[PDB]
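Reproduced below: entry-v8.cif, with mmCIF, C-alpha atoms and all ligand atoms.
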data_entry
loop_
_atom_site.group_PDB
_atom_site.id
_atom_site.type_symbol
_atom_site.label_atom_id
_atom_site.label_comp_id
_atom_site.auth_asym_id
_atom_site.auth_seq_id
_atom_site.Cartn_x
_atom_site.Cartn_y
_atom_site.Cartn_z
ATOM 1 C CA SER A 5 -15.906 -5.028 7.297
ATOM 2 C CA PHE A 6 -14.939 -2.108 5.063
ATOM 3 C CA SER A 7 -17.310 0.865 4.957
ATOM 4 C CA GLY A 8 -17.551 4.286 3.342
ATOM 5 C CA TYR A 9 -15.585 3.390 0.179
ATOM 6 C CA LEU A 10 -16.273 4.776 -3.286
ATOM 7 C CA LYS A 11 -16.399 2.094 -5.940
ATOM 8 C CA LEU A 12 -14.136 3.040 -8.846
ATOM 9 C CA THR A 13 -14.277 -0.270 -10.803
ATOM 10 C CA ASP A 14 -15.568 -3.838 -10.359
ATOM 11 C CA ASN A 15 -12.720 -4.445 -7.872
ATOM 12 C CA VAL A 16 -11.056 -1.131 -6.864
ATOM 13 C CA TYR A 17 -12.470 0.894 -3.967
ATOM 14 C CA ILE A 18 -11.182 4.146 -2.492
ATOM 15 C CA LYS A 19 -11.759 6.161 0.682
ATOM 16 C CA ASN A 20 -10.363 9.321 2.262
ATOM 17 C CA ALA A 21 -8.920 7.665 5.361
ATOM 18 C CA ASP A 22 -5.782 7.028 7.411
ATOM 19 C CA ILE A 23 -4.672 3.453 6.519
ATOM 20 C CA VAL A 24 -3.480 2.938 10.137
ATOM 21 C CA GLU A 25 -6.878 3.855 11.602
ATOM 22 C CA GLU A 26 -8.586 1.754 8.914
ATOM 23 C CA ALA A 27 -6.372 -1.242 9.686
ATOM 24 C CA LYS A 28 -6.957 -0.909 13.430
ATOM 25 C CA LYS A 29 -10.708 -0.678 12.914
ATOM 26 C CA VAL A 30 -11.175 -3.353 10.262
ATOM 27 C CA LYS A 31 -8.303 -5.719 11.087
ATOM 28 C CA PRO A 32 -8.289 -7.000 7.491
ATOM 29 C CA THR A 33 -6.641 -10.239 6.326
ATOM 30 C CA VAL A 34 -4.034 -8.194 4.446
ATOM 31 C CA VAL A 35 -2.745 -4.663 4.908
ATOM 32 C CA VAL A 36 -0.231 -3.428 2.372
ATOM 33 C CA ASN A 37 2.835 -1.559 3.551
ATOM 34 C CA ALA A 38 4.632 0.890 1.294
ATOM 35 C CA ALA A 39 8.044 -0.650 1.966
ATOM 36 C CA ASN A 40 11.589 -0.203 0.797
ATOM 37 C CA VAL A 41 13.917 -3.075 -0.139
ATOM 38 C CA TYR A 42 15.530 -3.050 3.337
ATOM 39 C CA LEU A 43 12.154 -3.028 5.192
ATOM 40 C CA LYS A 44 13.363 0.048 7.066
ATOM 41 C CA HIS A 45 10.080 1.521 8.229
ATOM 42 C CA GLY A 46 11.278 5.074 8.920
ATOM 43 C CA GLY A 47 8.702 7.383 7.384
ATOM 44 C CA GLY A 48 5.505 7.635 5.377
ATOM 45 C CA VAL A 49 3.002 4.783 5.529
ATOM 46 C CA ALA A 50 5.701 2.333 6.696
ATOM 47 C CA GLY A 51 6.791 4.607 9.580
ATOM 48 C CA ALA A 52 3.146 5.030 10.635
ATOM 49 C CA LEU A 53 2.201 1.328 10.397
ATOM 50 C CA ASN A 54 5.358 0.357 12.282
ATOM 51 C CA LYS A 55 4.688 2.907 15.040
ATOM 52 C CA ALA A 56 1.153 1.474 15.412
ATOM 53 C CA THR A 57 2.755 -1.967 16.060
ATOM 54 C CA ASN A 58 4.947 -0.459 18.833
ATOM 55 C CA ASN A 59 8.005 -1.262 16.600
ATOM 56 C CA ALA A 60 7.132 -4.987 16.412
ATOM 57 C CA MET A 61 6.930 -4.780 12.604
ATOM 58 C CA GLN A 62 10.517 -3.391 12.473
ATOM 59 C CA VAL A 63 11.839 -6.146 14.762
ATOM 60 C CA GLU A 64 10.202 -8.868 12.662
ATOM 61 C CA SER A 65 11.443 -7.121 9.502
ATOM 62 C CA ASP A 66 15.016 -6.945 10.797
ATOM 63 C CA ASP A 67 14.900 -10.747 11.332
ATOM 64 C CA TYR A 68 13.491 -11.257 7.815
ATOM 65 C CA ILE A 69 16.303 -9.231 6.191
ATOM 66 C CA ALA A 70 19.034 -10.901 8.271
ATOM 67 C CA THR A 71 17.743 -14.284 6.982
ATOM 68 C CA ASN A 72 16.759 -13.493 3.397
ATOM 69 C CA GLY A 73 18.465 -10.267 2.305
ATOM 70 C CA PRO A 74 16.692 -7.295 0.716
ATOM 71 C CA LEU A 75 13.634 -7.367 -1.519
ATOM 72 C CA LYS A 76 13.788 -6.274 -5.154
ATOM 73 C CA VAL A 77 12.085 -3.061 -6.220
ATOM 74 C CA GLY A 78 8.663 -4.266 -7.480
ATOM 75 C CA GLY A 79 8.770 -7.247 -5.127
ATOM 76 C CA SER A 80 7.046 -8.169 -1.902
ATOM 77 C CA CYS A 81 7.058 -10.404 1.143
ATOM 78 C CA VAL A 82 4.312 -11.458 3.507
ATOM 79 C CA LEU A 83 4.892 -10.931 7.198
ATOM 80 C CA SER A 84 2.755 -10.661 10.318
ATOM 81 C CA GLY A 85 0.020 -8.014 10.496
ATOM 82 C CA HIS A 86 0.578 -7.812 14.271
ATOM 83 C CA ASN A 87 -2.290 -5.795 15.797
ATOM 84 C CA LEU A 88 -3.375 -4.214 12.480
ATOM 85 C CA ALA A 89 -4.172 -7.205 10.295
ATOM 86 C CA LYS A 90 -3.676 -10.945 9.949
ATOM 87 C CA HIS A 91 -0.824 -10.383 7.465
ATOM 88 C CA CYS A 92 1.261 -7.472 6.204
ATOM 89 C CA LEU A 93 2.132 -7.560 2.500
ATOM 90 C CA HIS A 94 5.252 -5.417 2.250
ATOM 91 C CA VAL A 95 5.417 -4.130 -1.346
ATOM 92 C CA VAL A 96 8.285 -2.062 -2.777
ATOM 93 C CA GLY A 97 7.145 0.419 -5.352
ATOM 94 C CA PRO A 98 9.880 2.380 -7.178
ATOM 95 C CA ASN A 99 11.138 5.511 -5.441
ATOM 96 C CA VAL A 100 11.428 8.148 -8.131
ATOM 97 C CA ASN A 101 13.493 10.286 -5.717
ATOM 98 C CA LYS A 102 16.148 7.511 -5.791
ATOM 99 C CA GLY A 103 15.892 7.347 -9.589
ATOM 100 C CA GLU A 104 14.126 3.956 -9.624
ATOM 101 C CA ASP A 105 12.373 3.040 -12.847
ATOM 102 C CA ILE A 106 8.671 4.053 -12.762
ATOM 103 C CA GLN A 107 7.926 1.053 -14.984
ATOM 104 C CA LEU A 108 8.439 -1.164 -11.920
ATOM 105 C CA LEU A 109 5.201 0.248 -10.484
ATOM 106 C CA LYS A 110 3.130 -2.232 -12.487
ATOM 107 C CA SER A 111 5.234 -5.147 -11.093
ATOM 108 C CA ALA A 112 4.682 -3.758 -7.581
ATOM 109 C CA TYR A 113 0.895 -3.763 -8.045
ATOM 110 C CA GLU A 114 0.957 -7.326 -9.479
ATOM 111 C CA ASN A 115 1.837 -8.516 -5.944
ATOM 112 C CA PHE A 116 -1.720 -7.571 -4.883
ATOM 113 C CA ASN A 117 -3.147 -10.267 -7.209
ATOM 114 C CA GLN A 118 -1.890 -13.011 -4.859
ATOM 115 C CA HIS A 119 -4.442 -11.837 -2.244
ATOM 116 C CA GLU A 120 -8.233 -11.931 -2.613
ATOM 117 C CA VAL A 121 -8.790 -8.782 -0.529
ATOM 118 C CA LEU A 122 -6.356 -6.054 0.617
ATOM 119 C CA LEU A 123 -6.351 -2.687 2.372
ATOM 120 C CA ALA A 124 -3.640 -0.588 0.680
ATOM 121 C CA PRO A 125 -2.142 2.852 0.007
ATOM 122 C CA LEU A 126 -1.292 4.169 -3.481
ATOM 123 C CA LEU A 127 2.124 2.696 -4.257
ATOM 124 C CA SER A 128 5.061 4.987 -5.009
ATOM 125 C CA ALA A 129 3.060 8.062 -3.969
ATOM 126 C CA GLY A 130 3.892 10.399 -1.118
ATOM 127 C CA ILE A 131 7.599 10.364 -0.260
ATOM 128 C CA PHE A 132 8.279 7.767 -3.042
ATOM 129 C CA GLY A 133 7.821 10.707 -5.390
ATOM 130 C CA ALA A 134 5.531 9.325 -8.152
ATOM 131 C CA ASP A 135 2.384 11.047 -9.438
ATOM 132 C CA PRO A 136 -0.553 9.551 -7.450
ATOM 133 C CA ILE A 137 -2.945 9.940 -10.381
ATOM 134 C CA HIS A 138 -0.567 7.715 -12.409
ATOM 135 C CA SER A 139 -0.324 5.266 -9.472
ATOM 136 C CA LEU A 140 -4.112 4.927 -9.266
ATOM 137 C CA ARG A 141 -4.313 4.279 -13.039
ATOM 138 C CA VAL A 142 -1.663 1.578 -12.787
ATOM 139 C CA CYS A 143 -3.593 0.131 -9.828
ATOM 140 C CA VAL A 144 -6.872 -0.091 -11.727
ATOM 141 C CA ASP A 145 -5.238 -1.483 -14.866
ATOM 142 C CA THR A 146 -3.209 -4.108 -12.935
ATOM 143 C CA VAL A 147 -5.006 -5.353 -9.834
ATOM 144 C CA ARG A 148 -7.793 -7.894 -10.453
ATOM 145 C CA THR A 149 -8.485 -8.782 -6.792
ATOM 146 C CA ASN A 150 -10.437 -6.608 -4.368
ATOM 147 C CA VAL A 151 -8.428 -3.600 -3.227
ATOM 148 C CA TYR A 152 -9.547 -0.995 -0.716
ATOM 149 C CA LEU A 153 -7.362 2.113 -1.163
ATOM 150 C CA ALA A 154 -6.914 4.483 1.756
ATOM 151 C CA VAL A 155 -5.879 8.011 0.782
ATOM 152 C CA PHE A 156 -4.892 10.152 3.747
ATOM 153 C CA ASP A 157 -4.828 13.593 2.170
ATOM 154 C CA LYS A 158 -8.324 14.967 1.489
ATOM 155 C CA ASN A 159 -7.282 17.335 -1.311
ATOM 156 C CA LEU A 160 -5.460 14.478 -3.056
ATOM 157 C CA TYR A 161 -8.449 12.149 -2.558
ATOM 158 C CA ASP A 162 -10.786 14.716 -4.181
ATOM 159 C CA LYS A 163 -8.405 15.189 -7.124
ATOM 160 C CA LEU A 164 -7.981 11.424 -7.590
ATOM 161 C CA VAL A 165 -11.766 11.011 -7.649
ATOM 162 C CA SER A 166 -12.545 14.123 -9.714
ATOM 163 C CA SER A 167 -9.919 13.227 -12.329
ATOM 164 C CA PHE A 168 -10.666 9.482 -12.559
ATOM 165 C CA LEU A 169 -11.327 8.275 -16.118
HETATM 166 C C1 LIG B 201 -1.662 16.092 -1.041
HETATM 167 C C2 LIG B 201 -0.864 14.816 -1.105
HETATM 168 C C3 LIG B 201 0.280 14.685 -0.053
HETATM 169 N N1 LIG B 201 -0.016 13.500 0.739
HETATM 170 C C4 LIG B 201 0.401 13.367 2.004
HETATM 171 O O1 LIG B 201 1.238 14.120 2.490
HETATM 172 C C5 LIG B 201 -0.173 12.177 2.766
HETATM 173 N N2 LIG B 201 0.767 11.315 2.631
HETATM 174 O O2 LIG B 201 0.615 10.248 1.647
HETATM 175 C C6 LIG B 201 -0.292 9.752 0.599
HETATM 176 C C7 LIG B 201 0.266 8.336 0.629
HETATM 177 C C8 LIG B 201 -0.010 10.416 -0.736
HETATM 178 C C9 LIG B 201 -1.794 9.721 0.913
HETATM 179 O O3 LIG B 201 -2.283 10.914 1.082
HETATM 180 O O4 LIG B 201 -2.449 8.657 0.976
HETATM 181 C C10 LIG B 201 -0.310 12.380 4.239
HETATM 182 C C11 LIG B 201 -0.142 11.437 5.220
HETATM 183 S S1 LIG B 201 -0.255 12.171 6.803
HETATM 184 C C12 LIG B 201 -0.541 13.724 6.022
HETATM 185 N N3 LIG B 201 -0.721 14.852 6.747
HETATM 186 N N4 LIG B 201 -0.544 13.687 4.691
HETATM 187 C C13 LIG B 201 1.220 14.582 -1.263
HETATM 188 O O5 LIG B 201 2.421 14.468 -1.462
HETATM 189 N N5 LIG B 201 0.164 14.829 -2.135
HETATM 190 S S2 LIG B 201 0.079 15.088 -3.772
HETATM 191 O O6 LIG B 201 -1.493 15.506 -3.939
HETATM 192 O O7 LIG B 201 0.320 13.835 -4.390
HETATM 193 O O8 LIG B 201 0.902 16.222 -4.005
#
Kindly return the structure encoded in the file as C-alpha cells.
Ligand SMILES: C[C@@H]1[C@@H](NC(=O)/C(=N/OC(C)(C)C(=O)O)c2csc(N)n2)C(=O)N1S(=O)(=O)O
Amino acid sequence: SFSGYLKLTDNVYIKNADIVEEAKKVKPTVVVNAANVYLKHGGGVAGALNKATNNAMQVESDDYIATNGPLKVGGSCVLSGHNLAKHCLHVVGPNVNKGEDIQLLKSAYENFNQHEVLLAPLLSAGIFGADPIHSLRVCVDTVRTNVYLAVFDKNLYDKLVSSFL
C-alpha cells in the first residue's frame, strides 16, 4: 500500500508527505493522530485529520471523553478511522509549550507497539513544541513495529534525513 518511503531502520520508514493525503490514498489499518488529552482536534495534524472526516472524528471523540474522561499525556485510545483508515490511534505526546515533561515522549511512542503497522506523524513536533530531530530519535529507539512517518514540511524532512544517525 505505502509507496515512496525512505527506509531509516528495519522498521521505521519516512516520506515527505501530507499525512491526510497519505491516509486518504492508502486507507491504512491505523493512522496516528497527534492528540491532546481532551481529544480537541483544533489545529495541527489533529485539526487536519478531523477536517478530512467532516468533523466526524470530533463528534466520536466528544462521546469518548463524555464516557471515559481525558487521556493521560503519553497515553492513547483507539477510535474509528472514519474515511481515512480502519482505526485512529489517538496518541498524546507532551506539549512542551504547556510545560509537559519531554520524557513522556518515549511513553507516547510505546503506544505504537500495540499495532503491527501504522501511518504516523512525528509526535510532539509542530505546535507541540518539541525538537523533531529528537522526536525521530525517540521514535527509532522505541517503536519496534512498522511505522510509516509522514513529514509535511519539505525543509524539515530534508533536515531529518540529512541529520539521521
Ligand atoms: C519546518 C517545520 C514546521 N512544520 C510545519 O509547519 C508542518 N507542520 O508539522 C510537522 C508535524 C512538523 C510536519 O512537518 O510533519 C506543516 C504542516 S502544513 C505546513 N505548511 N507545514 C515546523 O515547526 N518545523 S521545524 O523544522 O521543526 O522548525
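Residues in contact with stretch 8-21 of chain A at up to 6 Å, not including ones fewer than 3 positions away on its chain and judged by all atoms listed in the file, are residues 150, 151, 152, 153, 154, 155, 156 and 161 of chain A.
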Exercise answer, 9 Å around ligand LIG 201 (chain B) with only C-alpha atoms and all ligand atoms, as a count of residues only: 32
Taken to one decimal, the atom CA of residue A:35-atom CA of residue A:122 distance is 5.8 Å
Quick one: distance from atom CA of residue A:91 to atom CA of residue A:34 in Å, one decimal?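 Atom CA of residue A:91 sits 4.9 Å away from atom CA of residue A:34.
Reported to one decimal place, the separation of atom CA of residue A:121 from atom CA of residue A:33 is 7.3 Å.
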Could you tell me which residues the PyMOL selection byres (((chain A and resi 64) around 12) and not hetatm) grabs in this file, written as a PDB file with C-alpha atoms, keeping the file's coordinate frame?
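Once written, part37.pdb looks like this:
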ATOM      1  CA  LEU A  43      12.154  -3.028   5.192  1.00  0.00           C
ATOM      2  CA  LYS A  44      13.363   0.048   7.066  1.00  0.00           C
ATOM      3  CA  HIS A  45      10.080   1.521   8.229  1.00  0.00           C
ATOM      4  CA  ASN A  54       5.358   0.357  12.282  1.00  0.00           C
ATOM      5  CA  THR A  57       2.755  -1.967  16.060  1.00  0.00           C
ATOM      6  CA  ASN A  58       4.947  -0.459  18.833  1.00  0.00           C
ATOM      7  CA  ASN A  59       8.005  -1.262  16.600  1.00  0.00           C
ATOM      8  CA  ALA A  60       7.132  -4.987  16.412  1.00  0.00           C
ATOM      9  CA  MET A  61       6.930  -4.780  12.604  1.00  0.00           C
ATOM     10  CA  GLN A  62      10.517  -3.391  12.473  1.00  0.00           C
ATOM     11  CA  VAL A  63      11.839  -6.146  14.762  1.00  0.00           C
ATOM     12  CA  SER A  65      11.443  -7.121   9.502  1.00  0.00           C
ATOM     13  CA  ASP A  66      15.016  -6.945  10.797  1.00  0.00           C
ATOM     14  CA  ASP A  67      14.900 -10.747  11.332  1.00  0.00           C
ATOM     15  CA  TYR A  68      13.491 -11.257   7.815  1.00  0.00           C
ATOM     16  CA  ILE A  69      16.303  -9.231   6.191  1.00  0.00           C
ATOM     17  CA  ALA A  70      19.034 -10.901   8.271  1.00  0.00           C
ATOM     18  CA  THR A  71      17.743 -14.284   6.982  1.00  0.00           C
ATOM     19  CA  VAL A  82       4.312 -11.458   3.507  1.00  0.00           C
ATOM     20  CA  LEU A  83       4.892 -10.931   7.198  1.00  0.00           C
ATOM     21  CA  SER A  84       2.755 -10.661  10.318  1.00  0.00           C
ATOM     22  CA  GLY A  85       0.020  -8.014  10.496  1.00  0.00           C
ATOM     23  CA  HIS A  86       0.578  -7.812  14.271  1.00  0.00           C
ATOM     24  CA  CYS A  92       1.261  -7.472   6.204  1.00  0.00           C
TER      25      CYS A  92
END
Once the PyMOL selection byres (((chain A and resi 109) around 10) and not hetatm) is applied to the coordinates I shared, what remains selected? I want it as JSON, numbers by chain. {"A": [77, 78, 79, 96, 97, 98, 99, 104, 105, 106, 107, 108, 110, 111, 112, 113, 114, 127, 128, 134, 138, 139, 142, 143, 146]}
Counting all atoms listed in the file, the residue of A:102, A:81, A:24, A:30 that sits nearest residue A:51: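 Of A:102, A:81, A:24, A:30, the one nearest residue A:51, counting all atoms listed in the file, is A:24.
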With distances taken over all atoms listed in the file, which residue among A:41, A:27, A:100, A:147 lies nearest residue A:72?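 Residue with the minimum atom-to-atom distance to residue A:72: A:41.
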Edge lengths and centre in Å to one decimal, as lines of an AutoDock Vina configuration file, of the axis-aligned box that encloses all listed atoms of stretch 77-96 of chain A with 5 Å added on every side?
center_x = 4.0
center_y = -6.8
center_z = 4.2
size_x = 26.3
size_y = 19.4
size_z = 33.3
